[PDB]
Every structure is written in C-alpha cells, then in structure tokens.
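Raw structure_9.pdb, PDB, C-alpha atoms:
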ATOM      1  CA  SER J   1     108.761  -8.116  20.579
ATOM      2  CA  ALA J   2     105.742  -6.544  18.883
ATOM      3  CA  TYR J   3     102.166  -7.351  17.867
ATOM      4  CA  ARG J   4      99.214  -5.638  16.190
ATOM      5  CA  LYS J   5      95.651  -6.971  16.146
ATOM      6  CA  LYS J   6      93.572  -4.399  14.266
ATOM      7  CA  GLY J   7      90.063  -5.202  13.076
ATOM      8  CA  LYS J   8      86.903  -5.621  15.138
ATOM      9  CA  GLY J   9      85.061  -4.220  12.134
ATOM     10  CA  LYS J  10      81.584  -5.688  11.715
ATOM     11  CA  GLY J  11      78.252  -4.476  10.372
ATOM     12  CA  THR J  12      74.514  -4.923  10.861
ATOM     13  CA  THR J  13      71.840  -5.395   8.200
ATOM     14  CA  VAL J  14      68.472  -4.541   9.746
ATOM     15  CA  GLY J  15      65.256  -4.060   7.796
ATOM     16  CA  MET J  16      61.608  -3.753   8.802
ATOM     17  CA  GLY J  17      58.330  -3.208   6.976
ATOM     18  CA  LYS J  18      55.128  -1.350   7.817
ATOM     19  CA  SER J  19      52.145  -3.688   8.154
ATOM     20  CA  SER J  20      49.003  -1.597   7.673
ATOM     21  CA  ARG J  21      45.921  -2.816   5.809
ATOM     22  CA  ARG J  22      42.429  -1.308   5.736
ATOM     23  CA  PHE J  23      39.114  -3.145   5.408
ATOM     24  CA  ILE J  24      35.511  -2.127   4.739
ATOM     25  CA  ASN J  25      32.465  -4.377   5.098
ATOM     26  CA  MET J  26      28.775  -3.497   5.368
ATOM     27  CA  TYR J  27      25.518  -4.941   4.036
ATOM     28  CA  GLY J  28      21.940  -4.204   5.052
ATOM     29  CA  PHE J  29      18.519  -5.586   4.155
ATOM     30  CA  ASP J  30      14.913  -4.376   4.068
ATOM     31  CA  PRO J  31      12.872  -7.501   4.918
ATOM     32  CA  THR J  32       9.271  -6.395   4.392
ATOM     33  CA  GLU J  33       6.146  -8.530   4.012
ATOM     34  CA  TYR J  34       2.524  -7.537   3.418
ATOM     35  CA  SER J  35      -0.411  -9.623   2.192
ATOM     36  CA  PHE J  36      -3.869  -8.067   2.493
ATOM     37  CA  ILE J  37      -6.530  -5.966   0.773
ATOM     38  CA  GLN J  38      -6.397  -2.166   0.795
ATOM     39  CA  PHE J  39      -9.785  -0.532   1.365
ATOM     40  CA  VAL J  40     -10.432   2.905  -0.131
ATOM     41  CA  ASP J  41     -13.443   5.171  -0.636
ATOM     42  CA  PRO J  42     -14.293   6.554  -4.103
ATOM     43  CA  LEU J  43     -15.868   9.727  -2.718
ATOM     44  CA  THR J  44     -12.816  11.254  -1.036
ATOM     45  CA  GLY J  45     -10.154   8.586  -0.632
ATOM     46  CA  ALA J  46     -10.342   6.966   2.795
ATOM     47  CA  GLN J  47      -7.846   4.261   3.754
ATOM     48  CA  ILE J  48      -8.367   1.025   5.680
ATOM     49  CA  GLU J  49      -6.651  -2.353   6.014
ATOM     50  CA  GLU J  50      -9.111  -5.097   5.076
ATOM     51  CA  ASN J  51      -8.558  -8.844   4.722
ATOM     52  CA  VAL J  52     -10.350 -11.906   3.348
ATOM     53  CA  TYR J  53     -12.600 -11.855   6.415
ATOM     54  CA  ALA J  54     -12.959  -8.071   6.507
ATOM     55  CA  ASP J  55     -15.940  -7.112   8.666
ATOM     56  CA  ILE J  56     -18.062  -4.072   7.815
ATOM     57  CA  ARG J  57     -18.216  -3.259  11.526
ATOM     58  CA  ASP J  58     -14.507  -2.429  11.354
ATOM     59  CA  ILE J  59     -14.479  -0.545   8.051
ATOM     60  CA  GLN J  60     -17.428   1.466   9.364
ATOM     61  CA  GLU J  61     -15.665   2.224  12.647
ATOM     62  CA  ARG J  62     -12.526   3.755  11.138
ATOM     63  CA  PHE J  63     -14.613   5.305   8.359
ATOM     64  CA  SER J  64     -16.229   7.484  11.026
ATOM     65  CA  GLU J  65     -12.908   9.291  11.431
ATOM     66  CA  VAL J  66     -12.487   9.994   7.716
ATOM     67  CA  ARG J  67     -16.054  11.222   7.237
ATOM     68  CA  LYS J  68     -15.712  13.218  10.458
ATOM     69  CA  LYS J  69     -12.696  15.168   9.204
ATOM     70  CA  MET J  70     -14.306  15.510   5.774
ATOM     71  CA  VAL J  71     -17.475  17.222   7.000
ATOM     72  CA  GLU J  72     -15.502  19.044   9.691
ATOM     73  CA  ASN J  73     -13.051  20.512   7.181
ATOM     74  CA  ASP J  74     -16.095  22.050   5.495
ATOM     75  CA  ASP J  75     -15.472  21.569   1.774
ATOM     76  CA  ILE J  76     -18.782  20.294   0.400
ATOM     77  CA  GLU J  77     -22.474  20.255   1.311
ATOM     78  CA  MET J  78     -24.107  17.255  -0.363
ATOM     79  CA  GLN J  79     -21.350  16.078  -2.705
ATOM     80  CA  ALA J  80     -20.386  13.198  -0.415
ATOM     81  CA  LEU J  81     -23.806  12.727   1.182
ATOM     82  CA  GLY J  82     -25.440  12.452  -2.229
ATOM     83  CA  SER J  83     -23.835   9.024  -2.515
ATOM     84  CA  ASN J  84     -22.433   6.826   0.256
ATOM     85  CA  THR J  85     -22.373   3.144  -0.697
ATOM     86  CA  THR J  86     -19.987   2.277  -3.528
ATOM     87  CA  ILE J  87     -16.570   1.366  -2.129
ATOM     88  CA  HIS J  88     -13.190   1.008  -3.835
ATOM     89  CA  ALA J  89     -11.327  -2.232  -3.127
ATOM     90  CA  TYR J  90      -7.602  -2.235  -3.895
ATOM     91  CA  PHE J  91      -6.323  -5.782  -4.400
ATOM     92  CA  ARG J  92      -2.669  -6.819  -4.560
ATOM     93  CA  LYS J  93      -1.264  -8.997  -7.347
ATOM     94  CA  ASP J  94      -0.146 -12.535  -6.509
ATOM     95  CA  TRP J  95       3.504 -11.474  -6.370
ATOM     96  CA  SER J  96       2.544  -8.016  -5.109
ATOM     97  CA  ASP J  97       3.720  -6.785  -8.508
ATOM     98  CA  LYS J  98       0.696  -4.827  -9.731
ATOM     99  CA  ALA J  99      -2.341  -3.365  -7.969
ATOM    100  CA  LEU J 100      -5.930  -4.264  -8.853
ATOM    101  CA  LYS J 101      -8.738  -1.719  -8.525
ATOM    102  CA  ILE J 102     -12.257  -3.119  -8.171
ATOM    103  CA  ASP J 103     -15.302  -1.274  -6.834
ATOM    104  CA  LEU J 104     -18.052  -2.993  -4.846
ATOM    105  CA  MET J 105     -21.567  -2.071  -3.720
ATOM    106  CA  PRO J 106     -23.740  -2.961  -0.697
ATOM    107  CA  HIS J 107     -26.441  -5.641  -0.663
ATOM    108  CA  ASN J 108     -29.358  -3.271  -0.074
ATOM    109  CA  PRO J 109     -31.128  -2.627  -3.406
ATOM    110  CA  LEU J 110     -34.034  -0.176  -3.542
ATOM    111  CA  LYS J 111     -37.147   0.142  -5.704
ATOM    112  CA  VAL J 112     -39.319   2.932  -7.108
ATOM    113  CA  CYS J 113     -42.926   3.464  -6.027
ATOM    114  CA  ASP J 114     -45.629   4.568  -8.464
ATOM    115  CA  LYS J 115     -49.151   3.574  -9.501
ATOM    116  CA  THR J 116     -48.752   4.734 -13.101
ATOM    117  CA  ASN J 117     -46.679   2.961 -15.753
ATOM    118  CA  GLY J 118     -44.375   1.165 -13.336
ATOM    119  CA  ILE J 119     -42.956  -1.213 -15.931
ATOM    120  CA  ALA J 120     -40.122   0.624 -17.679
ATOM    121  CA  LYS J 121     -37.729  -2.326 -17.486
ATOM    122  CA  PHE J 122     -36.658  -5.129 -19.824
ATOM    123  CA  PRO J 123     -38.160  -8.648 -19.713
ATOM    124  CA  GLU J 124     -35.874 -10.150 -17.071
ATOM    125  CA  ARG J 125     -35.948 -11.509 -13.518
ATOM    126  CA  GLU J 126     -33.656 -12.453 -10.632
ATOM    127  CA  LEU J 127     -32.296  -8.912 -10.920
ATOM    128  CA  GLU J 128     -29.564  -8.963  -8.274
ATOM    129  CA  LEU J 129     -26.365  -7.052  -7.505
ATOM    130  CA  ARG J 130     -24.563  -6.696 -10.835
ATOM    131  CA  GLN J 131     -21.012  -5.579 -11.616
ATOM    132  CA  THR J 132     -21.035  -1.788 -11.311
ATOM    133  CA  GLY J 133     -17.919  -1.616 -13.464
ATOM    134  CA  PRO J 134     -14.843  -3.435 -14.814
ATOM    135  CA  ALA J 135     -11.575  -3.917 -12.933
ATOM    136  CA  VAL J 136      -8.540  -1.668 -13.381
ATOM    137  CA  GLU J 137      -5.118  -3.303 -13.098
ATOM    138  CA  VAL J 138      -2.150  -0.947 -12.759
ATOM    139  CA  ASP J 139       1.313  -1.135 -11.200
ATOM    140  CA  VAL J 140       1.404   0.323  -7.689
ATOM    141  CA  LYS J 141       4.207   2.583  -8.914
ATOM    142  CA  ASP J 142       2.468   3.410 -12.195
ATOM    143  CA  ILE J 143      -0.677   4.759 -10.533
ATOM    144  CA  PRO J 144      -0.597   8.331  -9.164
ATOM    145  CA  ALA J 145       0.722   7.492  -5.697
ATOM    146  CA  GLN J 146       2.603   9.867  -3.398
ATOM    147  CA  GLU J 147       5.768   7.765  -3.215
ATOM    148  CA  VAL J 148       7.550   8.449   0.076
ATOM    149  CA  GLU J 149      10.617  10.671  -0.264
ATOM    150  CA  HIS J 150      13.849  10.020   1.635
ATOM    151  CA  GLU J 151      14.560  12.484   4.445
TER     152      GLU J 151
END
Could I get this file's structure written as structure tokens?
Amino acid sequence: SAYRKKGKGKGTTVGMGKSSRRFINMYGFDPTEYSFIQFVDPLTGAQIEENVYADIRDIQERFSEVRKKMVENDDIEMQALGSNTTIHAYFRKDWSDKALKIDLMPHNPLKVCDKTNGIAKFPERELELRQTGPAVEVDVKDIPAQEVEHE
C-alpha cells in the first residue's frame, strides 16, 4: 500500500490604495456703507461728519479742537484769523463714485460806512448771499488724498 497527497499550494492577491485628498476654501468680504456729507475747512483742512440736518452748533464744537491745535502749534499770526467764514463742503456722488467740492458762506453779510460817495455799486437790489464759486467734481481717488497704506 502507498499514497501521496502533495499540494496545499494556494496564493493571496491583496491590494490597497492610499486615500488622501487636500482641500482649500476661503472667501472674505468688506461690507462697508457710508452716506453723509464731509465737512472741511478751506483755511487749514479741518474734518467733520455733517449730514442733511447738520447743525452749526456741532461743527463749531469740534472745530474748536482744530483751531485750538492750529493756533497752539504756532505756525501763523493772522493768516487764519484774517478770514474765518467760508467753509468747504465735500459731497458724495449718488453712487459714492466721485466727490463733489462746494464751498459755502455764512448768512451774516456786512456793509461799509461812509458819508462820502457811498454808491460805488451797480443798479441792483435784493443783493443776497451769492455763489462764491463754482463746484469742483473729482473722483475721491483722483484728488490728492492720503490713501491708507496696508500694514
């Protein structure tokens, strides 16, 4: 008697795969809104936030600071004092695209006193506050503005 059972020969087919995937997502936004009139002085260059119902009481209050530093700094003597009425009003375009520059004056007109030839004016009446000058429209970026610089 005799027997031979040779074999038991099998194999294995294994196979895996690396599953690695990167991803990058980021999006910001600068939601800014501003609708008002920018007040500025022609003399030096004061700055104040005025609106449709801007009250002189306010503009005069903050103005005190500007004028204070001006005279304090000691730069002039009567350059600013010589004239203190005309104000520069900076308006903003409808779509805040361009910037309008219009100057305005107070409602306190004066007159000259003299008892000798006091009629050196043209034949007109109702002489009231007239337009001191035309308006200047220029892009906020166009005008000489100290654009903020990134840190």
List the spatial neighbours of region 82-94 of chain J as a PDB file with C-alpha atoms, in the frame of the given file - criterion: any atom at most 10 Å away, all atoms listed in the file, same-chain residues fewer than 3 positions off excluded.
ATOM      1  CA  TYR J  34       2.524  -7.537   3.418  1.00  0.00           C
ATOM      2  CA  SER J  35      -0.411  -9.623   2.192  1.00  0.00           C
ATOM      3  CA  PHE J  36      -3.869  -8.067   2.493  1.00  0.00           C
ATOM      4  CA  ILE J  37      -6.530  -5.966   0.773  1.00  0.00           C
ATOM      5  CA  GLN J  38      -6.397  -2.166   0.795  1.00  0.00           C
ATOM      6  CA  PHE J  39      -9.785  -0.532   1.365  1.00  0.00           C
ATOM      7  CA  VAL J  40     -10.432   2.905  -0.131  1.00  0.00           C
ATOM      8  CA  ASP J  41     -13.443   5.171  -0.636  1.00  0.00           C
ATOM      9  CA  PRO J  42     -14.293   6.554  -4.103  1.00  0.00           C
ATOM     10  CA  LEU J  43     -15.868   9.727  -2.718  1.00  0.00           C
ATOM     11  CA  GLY J  45     -10.154   8.586  -0.632  1.00  0.00           C
ATOM     12  CA  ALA J  46     -10.342   6.966   2.795  1.00  0.00           C
ATOM     13  CA  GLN J  47      -7.846   4.261   3.754  1.00  0.00           C
ATOM     14  CA  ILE J  48      -8.367   1.025   5.680  1.00  0.00           C
ATOM     15  CA  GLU J  49      -6.651  -2.353   6.014  1.00  0.00           C
ATOM     16  CA  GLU J  50      -9.111  -5.097   5.076  1.00  0.00           C
ATOM     17  CA  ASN J  51      -8.558  -8.844   4.722  1.00  0.00           C
ATOM     18  CA  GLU J  77     -22.474  20.255   1.311  1.00  0.00           C
ATOM     19  CA  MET J  78     -24.107  17.255  -0.363  1.00  0.00           C
ATOM     20  CA  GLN J  79     -21.350  16.078  -2.705  1.00  0.00           C
ATOM     21  CA  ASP J  97       3.720  -6.785  -8.508  1.00  0.00           C
ATOM     22  CA  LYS J  98       0.696  -4.827  -9.731  1.00  0.00           C
ATOM     23  CA  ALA J  99      -2.341  -3.365  -7.969  1.00  0.00           C
ATOM     24  CA  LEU J 100      -5.930  -4.264  -8.853  1.00  0.00           C
ATOM     25  CA  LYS J 101      -8.738  -1.719  -8.525  1.00  0.00           C
ATOM     26  CA  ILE J 102     -12.257  -3.119  -8.171  1.00  0.00           C
ATOM     27  CA  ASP J 103     -15.302  -1.274  -6.834  1.00  0.00           C
ATOM     28  CA  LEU J 104     -18.052  -2.993  -4.846  1.00  0.00           C
ATOM     29  CA  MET J 105     -21.567  -2.071  -3.720  1.00  0.00           C
ATOM     30  CA  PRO J 106     -23.740  -2.961  -0.697  1.00  0.00           C
ATOM     31  CA  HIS J 107     -26.441  -5.641  -0.663  1.00  0.00           C
ATOM     32  CA  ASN J 108     -29.358  -3.271  -0.074  1.00  0.00           C
ATOM     33  CA  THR J 132     -21.035  -1.788 -11.311  1.00  0.00           C
ATOM     34  CA  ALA J 135     -11.575  -3.917 -12.933  1.00  0.00           C
ATOM     35  CA  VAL J 136      -8.540  -1.668 -13.381  1.00  0.00           C
ATOM     36  CA  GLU J 137      -5.118  -3.303 -13.098  1.00  0.00           C
ATOM     37  CA  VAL J 138      -2.150  -0.947 -12.759  1.00  0.00           C
ATOM     38  CA  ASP J 139       1.313  -1.135 -11.200  1.00  0.00           C
ATOM     39  CA  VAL J 140       1.404   0.323  -7.689  1.00  0.00           C
TER      40      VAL J 140
END
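Between CA of residue 81 (chain J) and CA of residue 69 (chain J) there is a distance of 13.9 Å.
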Legend entry - For CA of residue 44 (chain J) and CA of residue 75 (chain J), the interatomic separation in Å (one decimal):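 Answer for the CA of residue 44 (chain J) to CA of residue 75 (chain J) separation: 11.0 Å.
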Inset, instruction - Between CA of residue 127 (chain J) and CA of residue 111 (chain J), measure the distance and give it in Å to one decimal. - result: 11.5 Å
